[PDB]
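K.L.:
one piece of my complex first, more on the way:
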Amino acid sequence: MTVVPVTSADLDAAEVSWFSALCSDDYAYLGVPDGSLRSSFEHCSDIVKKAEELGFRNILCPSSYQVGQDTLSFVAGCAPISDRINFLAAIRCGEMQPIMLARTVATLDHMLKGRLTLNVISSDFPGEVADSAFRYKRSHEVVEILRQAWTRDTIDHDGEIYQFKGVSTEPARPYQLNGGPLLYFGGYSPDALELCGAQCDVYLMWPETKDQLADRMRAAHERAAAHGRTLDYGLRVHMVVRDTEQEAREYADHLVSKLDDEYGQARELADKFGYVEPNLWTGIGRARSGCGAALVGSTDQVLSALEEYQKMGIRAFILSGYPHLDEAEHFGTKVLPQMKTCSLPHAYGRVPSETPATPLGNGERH
């Protein structure tokens, strides 16, 4: 069947997401600063606007100290302007004070009538450096707390890094039910699995050999099962999709074309930046934009690959092209229509239909 048991087993669809590129991540030629495509609100919202326009059911919103929009600001920016699309908010644990994060989570959740998914990154703070051990221990206690806000009356958490005995959750009650919003995050180190295992609702994978992926999927599930839980499974990958393959390979070679790479040329080139699979091009990795591989192929090639990834159990896709605008337009008109899509929160059953009996909703105000 599926590589491992997946929480959304019986689901005959998948969440096909785009990318807001809030961290000056958008480009015309990779390595080439293009003024048109700075990560400004006008632009980045245009993406969300066009992404929703085309029927993408979520969009990742990254968070780093680069020129661009603060995640949570941008989400709230777009909340009024959006109708249908879910948001995937990057959130560095410890960055905003847990209880306040808990609130902001709620606030947004209500701003979006449930269309929210916190993505829990655990990296170093800007201008700060503390070791993995702590950073995860921290990101643990922060989710532990967010979870209390969403489930309990009162926050009672006596940790190594944080301590809260008896803090009303009324300020921080979210739109979503049944344990609160969904958490899409990954991690490969044991520490980052333990977390993806105890607390991932979704587990993200950066792109690899169809078999290497299986191994990740197992390695994750093993840790999840020890906490008596099943995960769902998602793929971050880039995208170059056209009618014809010799059009896609062409554009792909156009994207890196100006990049003054180590391979910009005793010329014994070890070029292990070629097609690790039929349609999985690791060449894009010669601009280390985080995602080091891209689906490249005809409409039908891409569609088949995603249909395969789906057969395995990968229930979410977090796609991203260059430009982020134009490439969403392609995949949108071409591949999207031909998938059965969903919103994981709607399926997982967290979002209610009419505004709920919350403090910020239809509850008794005390």
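P.N.:
Yep, that arrived. Numbers count the residues shown, from 1 in each chain, chains lettered A, B, ... in the order given.

K.L.:
Residue A:106 contacts residue A:170, correct?
P.N.:
No - counting by Cβ atoms under 8 Å, residue A:106 does not reach residue A:170; the two are 9.7 Å apart. (C-beta placed from N, C-alpha, C; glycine too.)

K.L.:
out of these two, which sits in the busier spot?
P.N.:
Neighbours per residue (other Cβ atoms under 10 Å) separate residue A:106 from residue A:170, with residue A:106 holding more: 27 against 16.

K.L.:
doesn't that one fall inside a helix?
P.N.:
Yes - the assignment for residue A:106 is a helix, going by DSSP: H, G, I helix; E, B strand; the rest coil.

K.L.:
what sits against it?
P.N.:
A:149, A:171-175, A:360 (Cβ atoms under 8 Å, 6 or more residues apart in numbering).

K.L.:
Which helix or strand contains residue A:145?
P.N.:
Secondary structure from DSSP states H and E places residue A:145 in helix A:132-151.

K.L.:
Dump that helix to CSV, restricted to CA.
P.N.:
Provided in CSV are the C-alpha atoms of helix A:132-151 (Å, rounded to 0.1, in the frame of the first residue of the first chain):
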residue,chain,number,x,y,z
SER,A,132,20.8,22.2,18.5
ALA,A,133,20.2,20.5,21.9
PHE,A,134,18.7,23.7,23.4
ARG,A,135,17.0,25.0,20.2
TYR,A,136,14.8,21.8,20.0
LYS,A,137,14.3,21.5,23.8
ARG,A,138,13.0,25.1,23.4
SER,A,139,10.8,24.4,20.2
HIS,A,140,9.4,21.4,22.3
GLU,A,141,8.2,23.5,25.3
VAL,A,142,6.8,26.1,22.8
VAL,A,143,4.5,23.6,20.9
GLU,A,144,3.8,21.9,24.3
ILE,A,145,2.4,25.4,25.3
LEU,A,146,0.5,26.2,22.0
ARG,A,147,-1.2,22.8,22.3
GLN,A,148,-2.3,23.7,25.9
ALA,A,149,-3.8,27.0,24.7
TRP,A,150,-5.8,25.1,22.0
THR,A,151,-7.0,22.2,24.3
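
K.L.:
Show me the contact partners of that helix.
P.N.:
A:93-94, A:98-99, A:101-102, A:105-106, A:118, A:120, A:122-124, A:154-157, A:159-162, A:164, A:169, A:172-174, A:176, A:179-181, A:183, A:189, A:191-192, A:194-195, A:198-199.

K.L.:
Give me the subset of the residues you listed that lies in helices.
P.N.:
A:98-99, A:101-102, A:105-106, A:191-192, A:194-195, A:198-199 (DSSP state H).

K.L.:
how about the helix holding residue A:145: buried residues?
P.N.:
For helix A:132-151, the neighbour count (16 or more other Cβ atoms under 10 Å) marks A:135-150 as buried.

K.L.:
quick one, it and helix A:190-199 angle?
P.N.:
Here helix A:132-151 runs at an angle of 10 degrees relative to helix A:190-199 (axes from the mean of the first three to the mean of the last three Cα atoms, to 10 degrees).

K.L.:
so where do the strands sit in the stretch 101-250 of chain A?
P.N.:
In the stretch 101-250 of chain A, the strands defined using DSSP state E, counting those that start in this stretch lie at A:116-119, A:154-158, A:163-168, A:182-183, A:202-205, A:232-236, A:238-242.

K.L.:
Out of those strands, which is closest to residue A:33?
P.N.:
Residue A:33 lies closest to strand A:238-242 among those, at 19.1 Å (Cβ to Cβ).

K.L.:
which neighbours does that closest one have in its sheet, and in what orientation?
P.N.:
Here strand A:238-242 has these sheet partners by DSSP bridges: strand A:294-298 (parallel).

K.L.:
slot chain B in:
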Amino acid sequence: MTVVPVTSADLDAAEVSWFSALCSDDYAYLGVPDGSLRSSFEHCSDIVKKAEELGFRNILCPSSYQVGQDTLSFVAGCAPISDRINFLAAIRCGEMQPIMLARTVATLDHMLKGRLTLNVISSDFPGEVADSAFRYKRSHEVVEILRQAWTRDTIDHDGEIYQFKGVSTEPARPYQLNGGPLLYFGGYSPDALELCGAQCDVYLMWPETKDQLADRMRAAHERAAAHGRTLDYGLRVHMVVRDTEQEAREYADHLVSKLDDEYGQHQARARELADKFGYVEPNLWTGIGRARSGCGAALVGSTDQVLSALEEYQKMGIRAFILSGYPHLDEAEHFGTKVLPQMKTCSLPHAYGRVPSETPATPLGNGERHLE
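P.N.:
This next block brings in chain B, placed alongside the chains you saw above:
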């Protein structure tokens, strides 16, 4: 003579601000929890929308762990929806990590094409308890840093609470120039003056006897002048304003009517708590203070009484007003149709010269984008 020198001396106007009430602060009868008036986005934005509709030039956006909108979220909420009105964002220092705050500040600033003013509150964090000494020392280092972001190329700050050696400001460059956005905040405690002194652009005063205010204004200026700075001065007060005074006194007595106070009173045992909760001035009713809402006094009077009182406050040097009624919606409607049109208003940032006219040469604006 204004009581003390004010930064906006020759300014023939004032910034007349309203109140978003994001901290379940809105009511019909004080002490009476009303579902109608939750601090939800729909509602609180309606205020900003109505407040801007009427020509209020700023709106304070408070920040506490009560049922309501997170400030900075709500500001960014309203940024797309607004055209004219400035926002005054409450900002608990240390709450968000300084460098990231610095960014968020920029992000918003650009979302608002300059229509931003951070209000620097220095209280305890939710579920946390730390001694005043530290809380201020912290709020110091946080402004010190925000200011670097707004002025310098990289952030270099070695503090007791925070340390950042050499952190590009490119991510965190604001829309505003000339020292960055404006800081409206108060404080009466020594520590809170020293700060309002070293770092207030505006200094906010909760309502008092026109003379008691003067004393605050002096005590503030002493600290400001010691740093070789002039402040501007702003008044938080509530509002009940009508055509007729015996209409305003009426509504006022209606607001506290349900409040289950010690004052809610045959062996004739009657205390004079109306000594404590009556008209300390002509039009300054301390009765609202029964509601132990933060602002313990309200302007109450005819249109023309209120207008005169504000014109008096203005003579002294108070160049900003942060007004708030009950309901927040309806009362803004009154003051708006009645008193507002009859004042010469402004935007302090526009006057202080911080906002530029065409989109600036910033990272997020019209600037050269540099390989990441």
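
K.L.:
Could you re-examine the contacts of residue A:106 with chain B now present?
P.N.:
A:149, A:171-175, A:360 (Cβ atoms under 8 Å, 6 or more residues apart in numbering or on different chains).

K.L.:
From the centroid of chain A, which residue is nearest?
P.N.:
Closest to where the C-alpha atoms of chain A average out (Cα atoms, centre = their mean) is residue A:60, at 4.5 Å.

K.L.:
Helix or strand: which one has it?
P.N.:
Element membership of residue A:60, judged by DSSP H and E, is strand A:58-61.

K.L.:
do that strand and chain B meet at all?
P.N.:
No - applying Cβ under 8 Å from any Cβ of the partner chain, one finds strand A:58-61 separated from chain B by no less than 12.3 Å.

K.L.:
Next SSE downstream of that strand?
P.N.:
Per DSSP H and E, strand A:58-61 leads on to helix A:71-78 as the next helix or strand towards the C-terminus.

K.L.:
list the buried ones in the helix or strand following that next one?
P.N.:
On the C-terminal side of helix A:71-78, the closest following helix or strand by DSSP H and E is strand A:86-90. Going by neighbour count (16 or more other Cβ atoms under 10 Å in any protein chain shown), the buried part of strand A:86-90 is A:86-90.

K.L.:
circling back to that earlier point, which of the contacts of residue A:106 ranks first by neighbour count?
P.N.:
residue A:172 (31 neighbours; other Cβ atoms under 10 Å in any protein chain shown).

K.L.:
Would you mind giving the buried residues of strand A:86-90 as a markdown table with distance to residue A:130 added?
P.N.:
What follows is these, written out as a markdown table (distance: Cβ to Cβ, whole Å):
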| residue | distance to residue A:130 |
| --- | --- |
| A:86 | 32 |
| A:87 | 28 |
| A:88 | 25 |
| A:89 | 23 |
| A:90 | 19 |
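
K.L.:
For the stretch 151-300 of chain A, what lies in contact range of chain B?
P.N.:
Counting by Cβ under 8 Å from any Cβ, the stretch 151-300 of chain A comes close to chain B at A:155, A:164, A:167-168, A:170-171.

K.L.:
Please name every helix or strand in contact with the helix or strand that contains residue A:47.
P.N.:
Secondary structure from DSSP H and E places residue A:47 in helix A:41-54. The helices and strands touching helix A:41-54, judged by 3 or more Cβ pairs under 8 Å, 6 or more residues apart in numbering or on different chains; DSSP states H and E, are strand A:15-19, strand A:58-61, helix A:71-78, helix A:324-334, helix B:98-111.

K.L.:
tell me which residues in it are buried?
P.N.:
Neighbour-count burial for helix A:41-54, counted by 16+ other Cβ under 10 Å, picks out A:41, A:43-45, A:47-48, A:50-52, A:54.

K.L.:
can you redo these as TSV with distance to residue A:300?
P.N.:
Formatted as TSV, the buried residues of helix A:41-54 follow (distance: Cβ to Cβ, whole Å):
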residue	distance to residue A:300
A:41	37
A:43	31
A:44	31
A:45	32
A:47	26
A:48	28
A:50	24
A:51	23
A:52	26
A:54	19
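
K.L.:
Out of these, which comes closest to residue A:25?
P.N.:
Comparing the buried residues of helix A:41-54 against residue A:25 with Cβ to Cβ places residue A:44 closest, at 9.5 Å.

K.L.:
How many neighbouring residues does residue A:116 have?
P.N.:
Neighbours of residue A:116 (other Cβ under 10 Å): 27.

K.L.:
What of residue A:265?
P.N.:
By other Cβ under 10 Å, the residues close to residue A:265 number 6.

K.L.:
ok, residues contacting the helix holding residue A:47?
P.N.:
Residues from elsewhere that reach helix A:41-54 (Cβ under 8 Å, 6+ apart): A:18-22, A:26, A:37, A:59, A:68-69, A:74, A:77-78, A:81-85, A:87, A:324-325, A:328-329, A:332-333, A:336, B:79, B:107, B:110-111, B:364.
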